[PDB]
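K.L.:
The structure under discussion is supplied below as structure tokens; questions concerning it will follow.
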Amino acid sequence: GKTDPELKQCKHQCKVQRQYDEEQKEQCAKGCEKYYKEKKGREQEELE
């Protein structure tokens, strides 16, 4: 009884790749954590 989120992958790619910075890594993990772990991807783009 578990669900595997893509959040691991976003953070992983941003962890292993030299191209992604330290700040980039947090924002990177923020996107997959927020859009796939915190909220549903029902909407194409958030309202703001």
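Ordering of the structure tokens sets the chain letters (A, B, ...), residue numbers begin anew at 1 in every chain, and ligands are numbered from 1 in the order given.
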Determine which residues of chain A DSSP labels as alpha helix (DSSP H) from the backbone of this structure, then write them out as an NGL selection string.

P.N.:
:A and (7-16 or 22-32)

K.L.:
So that I can check the surroundings of residue 31 in chain A, please list as a list in words every protein, DNA and RNA residue that reaches within 12 Å of it, counting only C-alpha atoms and ignoring chain neighbours fewer than 3 positions away.

P.N.:
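That gives residues 6, 7, 8, 9, 10, 11, 14, 24, 25, 26, 27, 28, 34, 35, 36, 37, 38, 39, 40, 41 and 46 of chain A.
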
K.L.:
Store the residues picked out above, limited to N, CA, C and O atoms, as a CSV table (one decimal), in the first residue's frame.

P.N.:
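The resulting selection.csv:
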chain,number,residue,atom,x,y,z
A,6,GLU,N,7.2,11.0,-8.6
A,6,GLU,CA,8.3,11.4,-9.5
A,6,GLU,C,9.3,12.3,-8.7
A,6,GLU,O,10.4,12.6,-9.2
A,7,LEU,N,8.8,12.9,-7.6
A,7,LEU,CA,9.6,13.8,-6.8
A,7,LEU,C,11.1,13.3,-6.6
A,7,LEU,O,12.0,14.0,-6.6
A,8,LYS,N,11.2,11.9,-6.4
A,8,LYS,CA,12.5,11.4,-6.2
A,8,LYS,C,13.4,11.7,-7.5
A,8,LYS,O,14.5,12.0,-7.4
A,9,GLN,N,12.8,11.4,-8.7
A,9,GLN,CA,13.5,11.6,-9.9
A,9,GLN,C,14.0,13.1,-10.1
A,9,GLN,O,15.1,13.3,-10.6
A,10,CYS,N,13.1,14.0,-9.9
A,10,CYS,CA,13.5,15.4,-10.1
A,10,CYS,C,14.6,15.8,-9.3
A,10,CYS,O,15.6,16.4,-9.7
A,11,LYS,N,14.5,15.5,-8.0
A,11,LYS,CA,15.6,15.8,-7.0
A,11,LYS,C,16.8,15.0,-7.4
A,11,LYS,O,18.0,15.5,-7.2
A,14,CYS,N,18.6,16.5,-10.4
A,14,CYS,CA,19.2,17.7,-9.9
A,14,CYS,C,20.3,17.5,-8.9
A,14,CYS,O,21.1,18.4,-8.6
A,24,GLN,N,19.3,25.7,-7.5
A,24,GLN,CA,18.6,25.1,-8.6
A,24,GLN,C,18.0,23.7,-8.1
A,24,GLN,O,16.9,23.4,-8.4
A,25,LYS,N,18.8,23.0,-7.3
A,25,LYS,CA,18.4,21.7,-6.7
A,25,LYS,C,17.2,21.9,-5.8
A,25,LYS,O,16.3,21.0,-5.9
A,26,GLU,N,17.2,22.9,-5.0
A,26,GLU,CA,16.0,23.1,-4.1
A,26,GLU,C,14.8,23.4,-4.8
A,26,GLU,O,13.7,22.8,-4.6
A,27,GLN,N,14.9,24.4,-5.8
A,27,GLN,CA,13.8,24.8,-6.6
A,27,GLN,C,13.3,23.6,-7.5
A,27,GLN,O,12.1,23.4,-7.7
A,28,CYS,N,14.3,22.8,-7.9
A,28,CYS,CA,14.0,21.6,-8.7
A,28,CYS,C,13.2,20.6,-8.0
A,28,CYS,O,12.1,20.1,-8.4
A,34,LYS,N,6.2,19.9,-5.0
A,34,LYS,CA,5.0,20.7,-4.9
A,34,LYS,C,3.9,20.3,-5.9
A,34,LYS,O,2.7,20.2,-5.5
A,35,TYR,N,4.2,20.0,-7.2
A,35,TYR,CA,3.3,19.7,-8.2
A,35,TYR,C,2.9,18.2,-8.2
A,35,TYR,O,1.8,17.9,-8.7
A,36,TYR,N,3.7,17.3,-7.8
A,36,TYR,CA,3.4,15.9,-7.8
A,36,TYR,C,3.2,15.3,-6.4
A,36,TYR,O,2.5,14.3,-6.3
A,37,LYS,N,3.8,16.0,-5.4
A,37,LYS,CA,3.7,15.5,-4.0
A,37,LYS,C,2.7,16.4,-3.2
A,37,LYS,O,1.9,15.8,-2.4
A,38,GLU,N,2.8,17.7,-3.3
A,38,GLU,CA,1.9,18.6,-2.5
A,38,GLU,C,0.5,18.8,-3.1
A,38,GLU,O,-0.5,18.9,-2.4
A,39,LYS,N,0.5,19.0,-4.4
A,39,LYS,CA,-0.8,19.3,-5.1
A,39,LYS,C,-0.9,18.5,-6.4
A,39,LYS,O,0.1,17.9,-6.9
A,40,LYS,N,-2.1,18.3,-6.9
A,40,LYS,CA,-2.4,17.5,-8.1
A,40,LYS,C,-2.1,18.3,-9.3
A,40,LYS,O,-2.2,19.6,-9.3
A,41,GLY,N,-1.8,17.6,-10.4
A,41,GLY,CA,-1.4,18.3,-11.7
A,41,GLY,C,-2.7,18.4,-12.6
A,41,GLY,O,-2.6,18.4,-13.8
A,46,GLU,N,-0.6,27.0,-12.4
A,46,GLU,CA,-1.2,27.5,-11.2
A,46,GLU,C,-1.6,28.9,-11.4
A,46,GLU,O,-1.1,29.6,-12.3

K.L.:
Report the distance between CA of residue 12 in chain A and CA of residue 29 in chain A in Å, rounded to one decimal place.

P.N.:
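Result for CA of residue 12 in chain A versus CA of residue 29 in chain A: 8.4 Å, one decimal.
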